[PDB]
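As structure tokens, the structure follows; a few thoughts come after it.
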Amino acid sequence: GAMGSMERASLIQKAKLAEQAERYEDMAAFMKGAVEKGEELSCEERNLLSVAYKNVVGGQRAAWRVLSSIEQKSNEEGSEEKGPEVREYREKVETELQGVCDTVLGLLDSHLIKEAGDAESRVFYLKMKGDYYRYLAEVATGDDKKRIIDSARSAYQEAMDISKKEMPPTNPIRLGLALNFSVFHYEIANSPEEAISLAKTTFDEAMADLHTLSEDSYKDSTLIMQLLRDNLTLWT
Amino acid sequence: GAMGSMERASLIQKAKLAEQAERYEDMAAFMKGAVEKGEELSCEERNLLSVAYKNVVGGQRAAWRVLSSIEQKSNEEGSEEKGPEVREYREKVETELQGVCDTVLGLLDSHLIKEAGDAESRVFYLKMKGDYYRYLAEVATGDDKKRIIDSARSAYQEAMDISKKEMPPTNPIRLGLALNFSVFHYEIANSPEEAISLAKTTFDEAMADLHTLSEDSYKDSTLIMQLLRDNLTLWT
Amino acid sequence: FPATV
Amino acid sequence: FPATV
Ligand SMILES: COC[C@H]1CC[C@H]2[C@@H](C)[C@@H](O)[C@H](O[C@H]3O[C@@H]4COC(C)(C)O[C@H]4[C@H](O)[C@H]3O)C3=C(C(C)C)C[C@H](O)[C@]3(C)C[C@H]12
Ligand SMILES: COC[C@H]1CC[C@H]2[C@@H](C)[C@@H](O)[C@H](O[C@H]3O[C@@H]4COC(C)(C)O[C@H]4[C@H](O)[C@H]3O)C3=C(C(C)C)C[C@H](O)[C@]3(C)C[C@H]12
Ligand SMILES: [Mg+2]
Ligand SMILES: [Mg+2]
Ligand SMILES: [Mg+2]
Ligand SMILES: [Mg+2]
Ligand SMILES: [Mg+2]
Ligand SMILES: [Mg+2]
């Protein structure tokens with residue numbers, strides 16, 4: 001790896017610089033290098049990893065959706081044939097997106113998940129595993145769309161089981177996991193009732209636990225709760 | 001080149017798709033491939049070339065400025081030493097930026113400028129040459145900051161001479177050239193009076209020529225005139 | 001699209 | 001920064 005010669009601390013420092021500069025591809029490469037040093041990630045480092053790859057794949061997903069929409073219109077009645085280019089370029093972006101997802105899933109499998117014993121880290125990494133299988137599922141069509149969907153579900157489910165046993169209902173990682181698993185149900189698994197039920201139950205149990213928190217803990221938490229409510233309002 | 005096997009028309013089609021998807025690195029690579037087919041670019045194709053590279057280098061410049069600012073603060077009195085990382089990463093972004101500028105300048109020199117006979121294309125390409133030497137000048141320090149600045153000035157000046165002889169004062173390319181050469185004077189060449197004089201004279205002569213135009217020609221033109229006025233208000 | 005974090 | 005096109 002091209003980051004093999006750089007100190008772990010320097011990789012973390014540069015990931016933070018890359019974040020400040022909104023250079024998320026660089027950020028992701030620095031954080032991959034840090035993971036490959038073989039040591040566990042701290043809480044802050046896990047956030048750097050997630051932010052970097054979420055932003056890289058987020059841009060790829062946005063571009064893929066633009067191109068897929070153009071492609072679908074090109075295949076409607078009365079559309080002029082313009083050749084293979086739209087498909088080719090959509091495929092190019094898709095393959096790049098799949099590559100980034102595969103890279104993240106490989107880091108999680110080698111060896112972040114197996115060394116993660118504390119609930120915070122284990123739920124965090126399993127949520128990411130669900131997220132990146134979900135992104136693979138968004139572009140999947142062939143003989144493994146179903147296996148990819150079940151891989152996402154399995155990871156989200158294991159994270160959910162741990163989060164409910166080991167984390168308070170207002171924990172931001174537990175909340176964000178529930179938010180994203182609810183979106184998986186709505187958008188991937190064709191299970192809108194499960195999506196709504198999960199978002200509602202999560203919101204209500206978090207509300208009832210807010211009284212235990214300091215003013216700052218009452219923050220990204222109430223923040224993610226608003227996202228649950230936003231989704232519920234979109235869906236009902 | 002990796003685009004050597006792709007049809008020119010397919011490269012242009014994909015550059016337009018990349019633009020729609022805001023994938024400007026891809027857009028720039030497609031348009032480099034198109035230029036390297038060896039045929040002249042049409043008016044619309046020249047715009048695709050410019051938009052692609054302006055956006056790529058624009059992001060690099062924004063990131064470079066973020067990092068240079070962090071670096072300058074790190075070198076102020078009382079700042080804790082944190083090692084070589086900020087310099088290294090600024091250098092990394094800088095080298096990438098220089099590489100993109102060198103690529104654009106190479107396309108212009110091989111062989112867009114030499115085959116450009118019409119005023120529109122020749123002024124357009126010489127303006128780009130000034131622009132990309134200007135970006136090199138923004139990051140230059142060593143024994144060739146001055147030669148880089150003079151290269152920018154020479155290209156802008158040749159474009160100006162042609163534009164004044166061959167184009168009406170309201171021509172959008174003439175106007176945009178004057179806008180950018182005025183910024184070169186203010187920000188690069190330490191010549192704020194020349195910058196102000198150029199922006200004012202350009203604005204006034206364009207105003208007096210607006211009466212000759214259709215409603216649509218009275219558009220990106222009045223649009224660039226507003227940018228001249230914006231700069232004049234920043235500078236006075 | 002719905003919100004995810 | 002000033003405007004360029
Ligand atoms: C693998 O699943 C990660 C998800 C689970 C839930 C959430 C929490 C870890 C959350 O704790 C975290 O928040 C921290 O990282 C944020 C980065 O983004 C900015 C705007 C800078 O704010 C930061 C916050 O201040 C800081 O608390 C984060 C978010 C907050 C804003 C809800 C969104 C970011 O995707 C993430 C890093 C991601 C995650
Ligand atoms: C090498 O120097 C190129 C400069 C000279 C002046 C200007 C003209 C060529 C101008 O004619 C041109 O405009 C066309 O391309 C625009 C692309 O951006 C959007 C927002 C899509 O609008 C488009 C306009 O509608 C369309 O007329 C363009 C701009 C207009 C909006 C002023 C800004 C773009 O840098 C550029 C492609 C660039 C150039
Ligand atoms: Mg070491
Ligand atoms: Mg495919
Ligand atoms: Mg349940
Ligand atoms: Mg051909
Ligand atoms: Mg350098
Ligand atoms: Mg003069």
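Residue numbering restarts at 1 for every chain, and letters A, B, ... go by the order of the sequence lines. Remember, it's 1-based here, ligands and their atoms both numbered in the order they're listed. The figures that follow rest on heavy atoms only: side chains count, while hydrogens, waters and symmetry mates do not.
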Next on the checklist: Students often mix this up, so state it plainly: with edges at 30° and 60°, are the rings of A/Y132 and A/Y53 parallel, tilted or perpendicular?
Outcome noted: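 Judged by the thresholds at 30° and 60°, the geometry between A/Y132 and A/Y53 is perpendicular.
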Item to check | Ring geometry between B/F181 and B/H185 (parallel below 30°, tilted from 30 to 60°, perpendicular above 60°) | outcome: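 Because their plane-to-plane angle lies in the 30° to 60° range, the rings of B/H185 and B/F181 count as tilted.
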Next on the checklist: Under a 3.5 Å distance rule, please check whether A/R90 uses its side chain to pair with a backbone N or O of A/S68 as donor and acceptor.
Outcome noted: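 Between the backbone of A/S68 and the side chain of A/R90 there is no qualifying donor-acceptor contact (under 3.5 Å).
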Item to check | Separation between CZ of B/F124 and CG of B/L108, rounded to the nearest 0.5 Å | outcome: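 Output value for this atom pair is 9.5 Å.
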Checklist entry - In Å and rounded to the nearest 0.5 Å, what is the CG to CE distance from A/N47 to A/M31? => result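 One gets 9.5 Å once the value is rounded to the nearest 0.5 Å.
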Checklist entry - Does the side chain of A/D102 pick up a donor-acceptor pair with the side chain of A/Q98 at under 3.5 Å? => result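 Judged by distance alone, the side chains do not pair up.
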Checklist entry - Which is the closest N/O/S atom of A/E94 when seen from the Mg ion (ligand 4)? => result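 Looking only at N, O and S atoms of A/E94, the one nearest the Mg ion (ligand 4) is named OE2.
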Checklist entry - Can you find a heavy atom in the side chain of A/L67 that is under 4.5 Å from one in the side chain of A/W64? => result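 Contact flag for A/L67/A/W64 side chains = no.
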Checklist entry - Below 2.8 Å, any N, O or S contact between A/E91 and the Mg ion (ligand 4)? => result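 No, outside the cut-off.
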Item to check | Residue and atom names of protein N/O/S atoms that fall under 2.8 Å from the Mg ion (ligand 6) | outcome: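 As for protein N, O or S atoms lying under 2.8 Å from the Mg ion (ligand 6), they are B/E7 OE1.
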